[PDB]
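Colleague: Show me how the following folds:
(14 chains, ligands or ions: 7)
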Amino acid sequence: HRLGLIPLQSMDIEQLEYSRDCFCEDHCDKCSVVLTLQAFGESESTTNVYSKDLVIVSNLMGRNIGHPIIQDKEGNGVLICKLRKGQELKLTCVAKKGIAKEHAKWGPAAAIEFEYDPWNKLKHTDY
Amino acid sequence: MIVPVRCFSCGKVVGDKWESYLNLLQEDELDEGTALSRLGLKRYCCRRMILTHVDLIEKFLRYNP
Amino acid sequence: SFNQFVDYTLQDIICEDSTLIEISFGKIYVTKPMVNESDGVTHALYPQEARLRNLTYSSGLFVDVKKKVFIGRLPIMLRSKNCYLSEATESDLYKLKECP
Amino acid sequence: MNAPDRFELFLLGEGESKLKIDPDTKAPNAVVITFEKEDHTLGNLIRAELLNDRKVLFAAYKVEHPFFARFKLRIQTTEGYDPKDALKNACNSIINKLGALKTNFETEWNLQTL
Amino acid sequence: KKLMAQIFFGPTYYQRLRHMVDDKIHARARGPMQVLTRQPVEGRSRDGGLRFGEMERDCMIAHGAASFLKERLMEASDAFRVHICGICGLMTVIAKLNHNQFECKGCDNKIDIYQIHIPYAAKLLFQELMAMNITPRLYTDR
Amino acid sequence: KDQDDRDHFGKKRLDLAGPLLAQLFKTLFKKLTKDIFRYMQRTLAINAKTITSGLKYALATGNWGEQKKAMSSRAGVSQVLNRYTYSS
Amino acid sequence: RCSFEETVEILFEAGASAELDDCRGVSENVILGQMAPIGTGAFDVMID
Amino acid sequence: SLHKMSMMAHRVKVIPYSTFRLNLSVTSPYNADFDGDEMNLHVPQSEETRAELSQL
Amino acid sequence: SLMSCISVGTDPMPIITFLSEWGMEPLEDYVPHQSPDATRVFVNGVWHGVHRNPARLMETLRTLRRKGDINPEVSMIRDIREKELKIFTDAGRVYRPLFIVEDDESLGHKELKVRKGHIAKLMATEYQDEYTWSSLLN
Amino acid sequence: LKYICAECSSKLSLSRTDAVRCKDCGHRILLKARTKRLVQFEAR
Amino acid sequence: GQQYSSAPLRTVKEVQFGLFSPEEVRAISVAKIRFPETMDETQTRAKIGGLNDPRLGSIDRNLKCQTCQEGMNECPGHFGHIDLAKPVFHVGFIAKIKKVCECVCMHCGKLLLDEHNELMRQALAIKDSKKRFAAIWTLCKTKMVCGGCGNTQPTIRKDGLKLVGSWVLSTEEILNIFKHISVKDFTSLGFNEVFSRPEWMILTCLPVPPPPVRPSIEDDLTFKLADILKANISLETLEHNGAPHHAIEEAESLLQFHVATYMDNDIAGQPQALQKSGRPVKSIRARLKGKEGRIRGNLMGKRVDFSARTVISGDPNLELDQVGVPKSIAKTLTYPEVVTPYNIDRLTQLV
Amino acid sequence: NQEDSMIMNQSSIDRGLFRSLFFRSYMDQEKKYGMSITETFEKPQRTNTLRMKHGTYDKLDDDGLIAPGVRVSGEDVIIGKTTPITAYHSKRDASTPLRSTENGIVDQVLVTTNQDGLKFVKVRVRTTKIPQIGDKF
DNA sequence: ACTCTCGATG
RNA sequence: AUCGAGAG
Ligand SMILES: [Mg+2]
Ligand SMILES: [Zn+2]
Ligand SMILES: [Zn+2]
Ligand SMILES: [Zn+2]
Ligand SMILES: [Zn+2]
Ligand SMILES: [Zn+2]
Ligand SMILES: [Zn+2]
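Modeller: Numbers count the residues shown, from 1 in each chain, chains lettered A, B, ... in the order given. Ligands and ions are numbered 1, 2, ... in the order given. Provided below are the atomic coordinates:
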């Protein structure tokens, strides 16, 4: 779930294709971006698993896409999980083009401020 | 459990802001309000998202299996 | 209430109300929670192991008989005197897979 | 469990056409058009742009049920004016305004810092 | 567009109770019956039916829907066919079917026999009464 | 002086695990020394299963007073620990 | 009457006195599982 | 089912999601809110009995 | 309720022995007509005799319980207008903790025995983790 | 098949007619290992 | 459904209640019950010629059942019968019987007052059986002395499951008394000619309910019938062999006990006759007593098919006479529709 | 949202609002008789066992259990046990099916001996329940 | 003296 | 079967 919510690079998303449109089996490089995640507890301290640990695997063939957004100051990004001493997390993510109408994870924006007539001169609101 | 990746209400990413929040709390010895304000959490929904959260995974990691 | 029952009441029950005509009963000793396996081995039972294996977290009663003996097993209230979790630290509980 | 698929909000079903034009039997020279896989985002805009055309007598959209992504738009125009042309003019006007808005926002963005 | 009345708006601690629909939802169109009463079993997990209670019956009476009341109490639940002696009016009939041998030891009846449709629970009631030295004799004429 | 208030909480007692286990154990143990009296008069072989199975039964079924349905404590003296919420 | 309160004893004293049941009562046709003389069943339908 | 209005014949409109959706103005004779309330639904098995439901 | 506890139950015999050795007449040596205003003393619903000058006895017992010599669980009831004294050591009694108000304050009025110093010691024990609830009770 | 212990990190492969207990441990609590046939998750 | 029968389909118009005459009981029965052993006999999955005969109804999902066959789904219950060593009391009639003995003196068998009496003319004038009996019982239980046969009628009181006399009544005695009341006296106190007689209230031989009444997954009724049979054979054993005085009477009262508690278990007598599991056991009387009883729980209201239940919610866009039905429920519940030329296409599509 | 009903933001729901985990344990045990008659844990085939379940057993392993990770649904068989009561059809079925109305993923499987030395098993199945129309708040 | 839903133990 | 908890 929280992997799904991770903000990925969607700049050249328009020259990517919907998996439902592509004539491939399941998914391919023309519709989806595959990135792996391999983390393991090493030190005695808690080993954090961020979004930077995600590694693009599929062939991007030039398109700026898939790279997890990191606006974090330290450069880590979204905190995905926390591992102990001998805890391992190994998985593979297949990212596809989607509309935020289908799931809020594909939401390109957050909060949009919107206000008209700050004096109630139209009288659309009875205070 | 663990800090929610994005805010429920709007959708702002607040998963990368947990550790920084803790640092602003203990390292700079600030109060919660100012710490939340510095992290760009102006709306009280996200402000809530971080302030209200309880990191339970730290207690879950106390087990060996 | 339970601790009062173990440390005081039990001895009263055994001593004050029982004598046959002879075999007089003496002091009552309450052990720590153990289990007599089908393997024959009797060993210390911890609450997590008791709940996982559908076992009964109980200790054994022992009475001195005159003219020693095992008379049965009493279920032990958790975090009581005759429980391992009473003198246990937080780290101990975390090692015993018991929530602090 | 009984919840419908998400893509059924924008992906057309089997045989379902995007627009269904129906001759309104109430008042003469009127029409009711069924928009499939669309919501208020399109309905409100088109309806509001139909009221700008002064040769349009009636224009109103409605979503009969929030469960389903579809809405009905009723249009009534003056005699000698086919309502489809009113819809087309409205649409083209919308597209033009949006294009101009895009160009304007771009030119305004090219003048900013930070 | 703006709303006329302004809205009371703010954070409030809500809790999610454990009564969820998919754990509650239930539907049955002819399922497993009980053995003693031959009626639909009790329970959602056992894929059972819902009790058409006494009050429901009273409502159907108040409406006047007699045929519906009969349907719920026969075709929907337990519907059974029994044979009745034309003499004593009891379920003594040894109805050897496929040979048309409708015997009745105790009245010597082989030609004056009847066939009725009753709920299996009614059959159970009548039998239990018969085992309790009581004869609920059933005649089919006024 | 008016009638005694029979709903006065001061003249009421709560019996917890202590007194309950006390009554139960008194019964089972008296039963034990009874059976041991029988084994003695028949003539070290002491059936410890009495106390164990008795306590376990009463704690499991919630029916205080061993296997006798005449018990008015059938209202579930011991119940399953509700663990849906910590507060619960 | 047996379909309310005192059930068994009613059946007993009815079995002793050998009572005749008219079977035009509602609960009686309910027991027998027949269409009771209620509203819809308060008459007969034939063909002419 | 206190009175006869506790059992009424409705027309079926098959819908998504796992709830019995009813009209607001029918809340009163059933005496029901939606704070977890459950309702039952029976189905006729012949023409005459569904005629009974629809006409009575 | 959050602070309610149930009485474990203790032995009433030392309390009896204390009563008899503190100016209490045996019930078998009671003559009502020559001492009508004598407070009768009850222990667990048992009349062990009467006692004159009940105030001193009551303050004594109270002081003992507040010190700890008598189990704090034990309840002591002084009924003035009925001239009775009921001491309960019964198990199953639901009790609750209360602040003690005594007018021993010289430079003032009726004040709480507990002071901000005690509270400071409590919070000191809290921050350090030697002064707990038992220290307040004793 | 194979099973892993509960209160220690091991990897027993004792099939049927073996069962309890563990290898160099002493406790009888045995968990079963994860399947090799991976399962997909719709990240939603 | 089931199958085709040559018999015409009719409707129950009348229900004539009555008592079960031992004659008709043993005439109706198709199997005598000699052995208390249920099914298994010396490690054999069969049925001994005692209790639960295959004649009463087979119980193994077979295709045979007392030659009548028709499996076990069509064939109802075929009643049996068991003869008691001595006649016993029917519990539910204990009162009524005790009343009759007060309306008629001992040995003889005649009403205490006739048309010669003034008030008895008024008491016998009532046509209503219950009211007539109630009117006579109150004006006949005060008579001590007595047609002739002048004998001081004893004061009868109830004690457990027997009756006493003050100047202990035997069940055989009361049988012999009720056997001599004749027909004309029956009409005077409610009873009927061929349907219900006081000489049938007392249990000579009792009918045995078939396996479809007491199934096995053994039933409590089977255990109680085993108890009755055991007491009976024990009684016969203590009768045909060495028969002590103060030993067989206890066995008679034992058979009386088990038979009386076989039907009614919630009596004034504290012995509730528990079972092996400590259960108070389920009597026939308890099977019928509401609200979980047979009448109120299976007849007045019973579980039905083609039904559903769900959490409700409001919907402003539904018409008043509409109901939102979840898709799953819509697929579950079904309606039988006969193929007609009007709808054969639509039905073909649905199939 | 009339008559004590409420409207919930679906977007926030998609972001994990009020989601929950739901764990359920199914417990089974091998029986024992006086003459050493023991039920066994295995994956029985259609021909070797009576009755059987209408669900499939293809998710079971050699030991008659499910490997934790496999998604279960409908009336799948979680535990395979047989009780033996030459002759064809030599066993009775005693398998434990997944809850008819439930579904999800096998979280974790526990295999342990009893106090009397009886091999018994606790299987925990896990499902994520997401706030749907009809859920009580 | 209303319908449901589970859980326990024989 | 009974018992216990919960839903309107
Ligand atoms: Mg409500
Ligand atoms: Zn592709
Ligand atoms: Zn927000
Ligand atoms: Zn006949
Ligand atoms: Zn190990
Ligand atoms: Zn037959
Ligand atoms: Zn006479």
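Colleague: wait, residue E:16 sits on residue L:18?
Modeller: Yes. If you go by C-beta atoms under 8 Å, residue E:16 and residue L:18 touch, sitting 4.9 Å apart. Quick note: C-beta positions are derived from backbone N, CA and C, even for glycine.
Colleague: which neighbours do the two share?
Modeller: L:131, L:137 (C-beta atoms under 8 Å, 6 or more residues apart in numbering or on different chains).
Colleague: Now for whichever residue of chain A sits closest to chain L, how many residues are close by?
Modeller: Of all residues in chain A, residue A:104 sits closest to chain L, at 3.9 Å by C-beta to the nearest C-beta. Neighbour count for residue A:104, taken as other C-beta atoms under 10 Å in any protein chain shown: 23.
Colleague: So it is in contact with residue L:11, correct?
Modeller: Yes. The pair residue A:104 and residue L:11 qualifies as a contact (C-beta under 8 Å) at a distance of 4.3 Å.
Colleague: between those two, what contacts are shared?
Modeller: residue B:11.
Colleague: For residue K:186, give me its contacts.
Modeller: By C-beta under 8 Å, 6+ apart, the contact list for residue K:186 reads K:192-193, K:197-198.
Colleague: what are the ranges of the strands in chain J?
Modeller: Using DSSP state E, the strands of chain J run over J:3-5, J:30-32.
Colleague: Check whether the first one comes near chain A.
Modeller: No. Using C-beta under 8 Å from any C-beta of the partner chain, no contact is recorded between strand J:3-5 and chain A, whose separation bottoms out at 12.4 Å.
Colleague: check whether that strand contacts ligand 5.
Modeller: Yes. Contact of strand J:3-5 with ligand 5 (C-beta under 5 Å from the ion) involves residue J:5.
Colleague: Look up phi and psi at the residue of chain K at minimum distance from ligand 4.
Modeller: Nearest to ligand 4 in chain K, going by C-beta to the ion, is residue K:28, at a distance of 7.4 Å. Torsion angles at residue K:28 (phi, psi; degrees, to the nearest 10) stand at phi -70, psi -40.
Colleague: still on that earlier bit, of all the contacts of residue K:186, which comes closest to residue K:97?
Modeller: Each of these was checked against residue K:97 using C-beta to C-beta; the closest is residue K:198, at 7.3 Å.
Colleague: in chain F, which spans are helices?
Modeller: Under the criterion DSSP state H, chain F contains helices at F:17-42, F:49-61.
Colleague: closest one to residue A:24 among those?
Modeller: Residue A:24 sits nearest to helix F:49-61 of all these, at 59.7 Å, using C-beta to C-beta.
Colleague: Which strands and helices lie in contact with the closest one?
Modeller: Contacts defined by 3 or more C-beta pairs under 8 Å, 6 or more residues apart in numbering or on different chains; DSSP states H and E place helix F:49-61 against strand C:58-65, strand C:69-75, helix F:17-42.
Colleague: residues of that helix that come out buried?
Modeller: Within helix F:49-61, the residues that count as buried by 16 or more other C-beta atoms under 10 Å in any protein chain shown are F:50-56, F:58-59.
Colleague: Relative to chain H, how far out is residue L:88?
Modeller: Distance, residue L:88 to chain H, using C-beta to the nearest C-beta, to the nearest Å: 42 Å.
Colleague: no no, residue L:124
Modeller: Separation of residue L:124 from chain H (C-beta to the nearest C-beta): 25 Å.
Colleague: Take the helices and strands packed on helix F:49-61 and write them to CSV, including mean neighbour count and distance to residue D:4.
Modeller: CSV is the format used below for these (neighbours: other C-beta atoms under 10 Å in any protein chain shown; distance: least, C-beta to C-beta, whole Å):
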stretch, mean neighbour count, distance to residue D:4
strand C:58-65, 18, 54
strand C:69-75, 21, 53
helix F:17-42, 17, 54
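Colleague: Can you tell me which of these is nearest to residue I:67?
Modeller: helix F:17-42 (26.7 Å).
Colleague: where along the chain do the strands fall?
Modeller: Let's take chain A. Remark: strands assigned in chain A by DSSP E are A:32-40, A:47-50, A:55-56, A:79-83, A:88-96.
Colleague: my question was about chain L
Modeller: Under DSSP E, chain L gives strands at L:20-29, L:40-41, L:71-73, L:77-79, L:81-83, L:92-93, L:96-97, L:103-113, L:119-129.
Colleague: ditto for chain E
Modeller: Along chain E, the stretches classed as strands by DSSP E are E:26-28, E:50-52, E:80-85, E:94-96, E:101-103, E:113-118, E:137-139.
Colleague: Quick one: residues contacting residue 5.
Modeller: With no chain named, the answer covers chain A. A:78, A:105, B:5-6, B:15, L:15-16 are the contacts of residue A:5 under C-beta under 8 Å, 6+ apart.
Colleague: actually chain H
Modeller: Listed by C-beta under 8 Å, 6+ apart, the contact set of residue H:5 reads H:29-30.
Colleague: Same check on residue D:81?
Modeller: Residue D:81 makes contact with residue D:55 under the criterion C-beta under 8 Å, 6+ apart.
Colleague: secondary structure class for it?
Modeller: Per DSSP: H, G, I helix; E, B strand; the rest coil, the secondary structure class of residue D:81 is coil.
Colleague: Quick check: the gap between it and ligand 2.
Modeller: Going from residue D:81 to ligand 2 by C-beta to the ion, to the nearest Å gives 47 Å.
Colleague: how about the helices in chain D?
Modeller: Along chain D, counting by DSSP H, helices occupy D:40-50, D:83-109.
Colleague: Ignore what I typed, I meant chain B.
Modeller: Taking DSSP H as the criterion, chain B carries its helices at B:18-26, B:32-38, B:44-51, B:57-60.
Colleague: what about the shortest one and chain A, touching?
Modeller: Yes. Where contact is defined by C-beta under 8 Å from any C-beta, part of helix B:57-60 touches chain A, namely B:57-58.
Colleague: Where does the closest residue to chain B within chain C fall, secondary structure wise?
Modeller: Chain B sits closest to residue C:94 of chain C, with a gap of 4.3 Å, by C-beta to the nearest C-beta. Assigned by DSSP states H and E, residue C:94 belongs to helix C:90-95.
Colleague: Determine how far that helix lies from the middle of the whole chain.
Modeller: Relative to its parent chain, helix C:90-95 has a centroid offset of 22 Å by C-alpha atoms, centre = their mean, to the nearest Å.
Colleague: Could you give me the buried positions within that helix?
Modeller: Using 16+ other C-beta under 10 Å as the burial criterion, the residues of helix C:90-95 that qualify are C:93-94.
Colleague: Tell me if stretch C:27-40 is near chain F.
Modeller: No. Looking at stretch C:27-40 against chain F by C-beta under 8 Å from any C-beta, there are no contacts, and the closest approach is 10.3 Å.
Colleague: Give me the distance between the two termini of that stretch.
Modeller: Distance between the two ends of stretch C:27-40: 27 Å, counting by C-alpha to C-alpha, to the nearest Å.
Colleague: close to chain L, is it?
Modeller: Yes. Stretch C:27-40 reaches chain L (C-beta under 8 Å from any C-beta) through C:35, C:37-39.
Colleague: can you pull the buried residues of that stretch?
Modeller: With burial defined by 16+ other C-beta under 10 Å, the residues of stretch C:27-40 counted as buried are C:28, C:30-31, C:33, C:35, C:37.
Colleague: Closest one of these to chain J?
Modeller: Chain J lies nearest to residue C:37 out of the buried residues of stretch C:27-40, by C-beta to the nearest C-beta, at 8.0 Å.
Colleague: shouldn't that closest one be in contact with residue L:115?
Modeller: Yes. In this structure, residue C:37 is within contact of residue L:115 by C-beta under 8 Å, at 7.1 Å.
Colleague: Thank you, goodbye.
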